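Quick heads-up: it's one chain on its own, the form deposited in one PDB entry, in structure tokens.
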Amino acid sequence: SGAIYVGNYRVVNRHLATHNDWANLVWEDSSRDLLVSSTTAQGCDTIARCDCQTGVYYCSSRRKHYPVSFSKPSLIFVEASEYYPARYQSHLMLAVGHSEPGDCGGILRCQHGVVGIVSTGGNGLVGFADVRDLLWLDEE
């Protein structure tokens, strides 16, 4: 589990969004596994605006943050998980590392701020849903 709190926005994995999230919906995209809902209190996170390919991610199934190199966001085939069938996911970055389903929502961060959240795992990789293209998160 986990979310990004930027401005008056909450960014979660679409597959983990709550009824309150859907009732306060700003934007969602199944192909990206992302949903954004509105918040009453302002958040503590800053979104990265960059093309970094190195950063650090939180792995809840290890209680650890790991430094990783990761691919640029792309359209990637993802094998079946407990929460999605085998499918193509867009805006997905991959790194070598540990990811189980409950790790979804862990933050990946670079020197510029939050890059994205854990969205995929298995076969010794961790996949992250990028948010650095979502410039509207920074205003309004």
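Throughout, rigid core stands for the largest set of C-alpha atoms superposing within 1.5 Å between the two forms. For every residue, the number given is its place in the sequence shown, counted from 1. Only residues modelled in both forms are compared.
Below, we refer to the form solved in complex with a small molecule, which is not included among the displayed structures.
- With a 4.5 Å cutoff on heavy atoms, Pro101 counts as touching the small molecule in the deposited complex.
- Considering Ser81, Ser60, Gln53, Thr39, one residue stands apart with a C-alpha shift of at least 2 Å between this form and the one not shown following superposition on the core, and it is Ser81.
- Listed alone, 79-87 marks the only place where three or more consecutive residues have CA shifts of 2 Å or more between this form and the one not shown on superposition of the core.
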